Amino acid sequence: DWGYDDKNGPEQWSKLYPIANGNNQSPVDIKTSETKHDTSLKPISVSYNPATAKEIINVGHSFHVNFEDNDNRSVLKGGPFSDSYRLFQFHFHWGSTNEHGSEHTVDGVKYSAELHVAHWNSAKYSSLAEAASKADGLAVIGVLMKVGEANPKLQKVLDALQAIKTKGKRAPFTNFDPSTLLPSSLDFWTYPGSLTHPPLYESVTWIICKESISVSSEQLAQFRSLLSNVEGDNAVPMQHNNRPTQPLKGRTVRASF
């Protein structure tokens, strides 16, 4: 059993998951002076079908918005990829205070939250479960969220949280295109990395947007208002779910810009 508290947190994870001290761990600090511009990086092409939106679920440490992933209605293309990747999910990470909460940092700068839009390699693999542990199995768009103005595009997501307040609760969440949450510029960093929580597989090609999106201090409070406990128990708010940045270990972060 793992979490983000004292006993079961990021510093304890290695005890059950030795890959935590691996060579391709995420998130990282992106140092802009150390990034290598790569001229082969194509533009990011996302093409998502609103009808693939399926369900929202309170997973105890976080919440997920899952998508139907049986066909190629919702796909990521371009960037560092030859393979088309299929959308299956988006979720957020946040912190105890506005001062932190993002997973990735840029030149030491911590943002207030981070949006992850995750995809799996359906050109190569037959399922998420197969893809999940493969070097080229996963592609995740990471978007830094900067505290400021309320983000109207977050609304439907925020409004759905009242129906999944406690652990294990789930509800339909339909007719939503998560490319509406993405920044208007898709300029990006890319590097080979991992899932940022157990099982911490080194299967993720990260796409980190240069441009941030907004979130208000109140919108952040709604995330932290979600409960980690099951219905009927003592209310335990999901205060934070961000992993500390990890050693780059010789990896190079490429820039598309």
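Note that residue numbering follows the sequence shown and begins at 1.
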Please compare 213-221 with 37-45 and name the stretch with the higher mean C-alpha B-factor in the deposited structure.
37-45
Averaging the C-alpha temperature factors as deposited, the higher value of 98-106 versus 140-148 falls on 98-106
According to the Cα B-factor stored in this entry, which of the following is highest: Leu154, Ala118, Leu115, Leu76?
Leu154
Among the choices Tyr111, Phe173, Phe81, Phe88, identify the one whose CA B-factor in the record is greatest.
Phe81
In terms of the chain's CA B-factor thirds, is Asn241 lowest, middle or highest?
lowest
Please place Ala129 in the lowest, middle or highest third of its chain by C-alpha B factor as given in the entry.
middle
Tertile call for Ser185 (CA temperature factor, within chain, third-based) is the highest
Report the third (lowest, middle or highest) to which the CA temperature factor of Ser122 belongs, ranking only the modelled residues of the same chain.
middle
Entry-reported Cα temperature factor of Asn70, expressed as the chain third it lands in
highest
